[PDB]
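Let me begin by presenting the structure, written as structure tokens, before commenting on it.
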Amino acid sequence: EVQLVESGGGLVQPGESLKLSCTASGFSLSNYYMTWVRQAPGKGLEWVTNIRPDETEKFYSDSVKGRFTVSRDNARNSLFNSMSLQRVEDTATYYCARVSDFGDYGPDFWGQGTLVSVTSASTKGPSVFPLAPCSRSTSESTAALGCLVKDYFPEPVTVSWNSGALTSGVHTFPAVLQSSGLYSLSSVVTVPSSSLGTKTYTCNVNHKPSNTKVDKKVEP
Amino acid sequence: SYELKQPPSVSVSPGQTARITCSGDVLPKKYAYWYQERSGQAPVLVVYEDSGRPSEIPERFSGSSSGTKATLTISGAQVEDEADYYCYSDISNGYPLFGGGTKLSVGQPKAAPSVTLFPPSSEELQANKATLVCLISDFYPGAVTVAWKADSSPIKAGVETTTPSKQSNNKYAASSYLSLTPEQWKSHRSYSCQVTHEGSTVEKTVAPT
Ligand SMILES: Cc1cc2nc3c(=O)[nH]c(=O)nc-3n(C[C@H](O)[C@H](O)[C@H](O)CO)c2cc1C
């Protein structure tokens, strides 16, 4: 029955190029209209193109018009999406789907997609900055202190406190994949502001990929 | 440009009905579709031409529309109905669209998010960079919305929010980061991170001091 399979997605750098492919089975590709819809990690679905069965018409989203070009081979039941002049923002998962034939043109069957990453991210180490409040949140019974493990690559990062001693109140958040292909994550340990100026709070960030280990002692 | 204004999140109890909307200026002239996308899975068609319904989509998924608002009504909510739903249609001269999407959650005791806001460390500032960190903890169901404010004015340039994460206590964790330049951080007089979850809105603020 109906089945769509992407491929070609991979990891490339800005400006570079890449050509995705979508091969279908279970139906006559030549009888339908095809589209590519992409989705950046954790974001909505964004429409890219539509291509008429006889290929006489090709429609592209402003964001990609000029750099991306759709093509097909109804004989080889294949759709193709050649992307050139890559941008970071083009990074997302590329889905090719069969465009339905009723109502305006929504698709009906989507392939699982092929992931397209695009960065120059090499192997930076994390910078570690102290996370403490100004004067308002400092005047509580139990404020929070933490370490900002900014701009690193690639995952994962290990955070701890007082070389493993402190465990309660600790909350190491999941890393955020900033635009510049580099990860960042925070780690806060909630503690009483009473015995705050007597005890020591030191996170121990570990980033083997970079062979880095940092120890920042945060003070109130 | 144009928008399929779609509520970011929606939650319902196992067995009850759920209703997702999708506003739009041209919806009265164009059809509306609905797709279901389960985490890390290709989207799936559930509604077409406003009310059509595929022969694999259970009858409880009822598409409808009128004027400038299409509505995907899912009755007898199931645990499997937990996923992202997007509406589709197009502009006033054929170019296809997609709504922001909506998150559909099910059941466990509902909880409000623990928001904490941090200003840029004087240290990172010395590095000619500023970064406001907004940690969102212990919320349920796992769906939140993060908007940043520059002195009560909104801003989008420089925001990177994470995808709700499951903590060990079966509640969710989220983090949002607003990157400024040492100059902007001092430019304004207050930056605020507002995390709205289930109609509820927690808004912590910080200012250069
Ligand atoms: C941006 C755009 C996308 C279109 N996509 C489709 C499509 O997927 N399927 C279809 O049958 N017609 C589509 N059409 C209509 C198609 O171009 C053509 O006008 C009609 O089939 C008339 O021959 C589209 C028109 C535009 C402007």
Original post:
Any idea how many residues of region A:55-67 are in contact with a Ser or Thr (Cβ under 8 Å, 6 or more places away or on another chain), more than 14 Å from chain B (Cβ to nearest Cβ) and within 14 Å of the ligand (Cβ to nearest atom)?
Top reply: 1
Original post:
When region A:69-89 is examined, which residues are found to be away from the ligand (no atom under 13 Å from the Cβ) and either within 14 Å of chain B (Cβ to nearest Cβ) or out of contact with any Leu (no Cβ under 9 Å at 6 or more places or on another chain) (or both)?
Top reply: A:69, A:85, A:87, A:88, A:89
Original post:
Inside region B:120-146, can you point out the residues that are within 11 Å of chain A (Cβ to nearest Cβ), in a loop (DSSP other than H, G, I, E, B) and either out of contact with any helix residue (DSSP H, G or I) (no Cβ under 8 Å at 6 or more places or on another chain) or among the small types (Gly, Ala, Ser) (or both)?
Top reply: B:121, B:127
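Suppose we keep only residues that are within 15 Å of the ligand (Cβ to nearest atom) and in contact (Cβ under 8 Å) with a residue 60 or more places away in the chain within region A:30-54. Which one would you say is farthest from residue A:90 (Cα to Cα)?
From region A:30-54, those within 15 Å of the ligand (Cβ to nearest atom) are A:30-37, A:46-54; that's our starting set.
Checking the rest, the ones that are also in contact (Cβ under 8 Å) with a residue 60 or more places away in the chain come to A:32-37.
Values: A:32: 26, A:33: 23, A:34: 20, A:35: 16, A:36: 13, A:37: 11 Å.
Of everything passing the filter in region A:30-54, A:32 is farthest from residue A:90 (Cα to Cα).
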Original post:
part of a loop (DSSP other than H, G, I, E, B), out of contact with any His (no Cβ under 7 Å at 6 or more places or on another chain), assigned by CATH to the domain that holds residue A:1 and on the phi < 0 side of the Ramachandran plot: does that describe residue A:102?
Top reply: yes
Original post:
Can you find a residue in region B:45-62 that is among the hydrophobic types (A, V, I, L, M, F, W, C), away from every other protein chain (no Cβ under 11 Å), away from the ligand (no atom under 16 Å from the Cβ) and surrounded by 23 or more Cβ atoms within 10 Å (Cβ to Cβ)?
Top reply: no
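Tell me yes or no: at least one residue of region B:22-40 is free of Cβ contacts under 8 Å to residues at least 24 places away in the same chain and surrounded by fewer than 23 Cβ atoms within 10 Å (Cβ to Cβ). Break it down stepwise before answering.
First pass over region B:22-40, keeping only residues free of Cβ contacts under 8 Å to residues at least 24 places away in the same chain: B:40.
Still in the list and also surrounded by fewer than 23 Cβ atoms within 10 Å (Cβ to Cβ): B:40.
Within region B:22-40, one or more residues are free of Cβ contacts under 8 Å to residues at least 24 places away in the same chain and surrounded by fewer than 23 Cβ atoms within 10 Å (Cβ to Cβ).
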Original post:
Out of (1) within 8 Å of another protein chain (Cβ to nearest Cβ); (2) under 18 Å from the mean Cα position of the chain (by Cα); (3) surrounded by fewer than 20 Cβ atoms within 10 Å (Cβ to Cβ), the odd one out for residue A:156 is which?
Top reply: (1)
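Among the residues of region B:65-74, what is the count of those that are away from every other protein chain (no Cβ under 14 Å) and outside any loop (DSSP other than H, G, I, E, B)? Can you show your working first?
Step one: filter region B:65-74 for residues away from every other protein chain (no Cβ under 14 Å), giving B:66-69, B:71, B:73-74.
Next, from what is left, pick out any that are outside any loop (DSSP other than H, G, I, E, B): B:66, B:69, B:71, B:73-74.
Number of matching residues: 5.
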**OP:** Could you grab me the full set of residues in region A:97-114 that are at the interface with chain B (Cβ under 7 Å from one of its Cβ atoms), more than 10 Å from the ligand (Cβ to nearest atom) and among the polar types (S, T, N, Q)?
**Re:** A:112
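This table checks each residue for (1) assigned to a strand (DSSP E or B); (2) within 30 Å of residue B:166 (Cα to Cα); (3) more than 16 Å from the ligand (Cβ to nearest atom); (4) not assigned by CATH to the domain that holds residue B:9.
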{"site": "B:76", "(1), (2), (3), (4)": "no, yes, yes, no"}
{"site": "B:89", "(1), (2), (3), (4)": "yes, no, no, no"}
{"site": "B:93", "(1), (2), (3), (4)": "no, no, no, no"}
{"site": "B:98", "(1), (2), (3), (4)": "yes, yes, no, no"}
**OP:** Among residues belonging to region B:150-185 that are within 14 Å of chain A (Cβ to nearest Cβ) and among the charged types (D, E, K, R), point out the one that is surrounded by the most Cβ atoms within 10 Å (Cβ to Cβ).
**Re:** B:171
**OP:** Select from region A:160-190 the residues that are away from every other protein chain (no Cβ under 13 Å), touching a residue at least 24 places away in the same chain (Cβ under 8 Å) and of a type in the set (A, V, I, L, M, F, W, C) and list them in ascending order.
**Re:** A:161, A:166
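All of this is worked out from the model, or read from it or from the source named; no laboratory read-out is quoted. Reconstructed Cβ throughout: ideal geometry from the backbone, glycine too, with neighbour counts over all protein chains shown.
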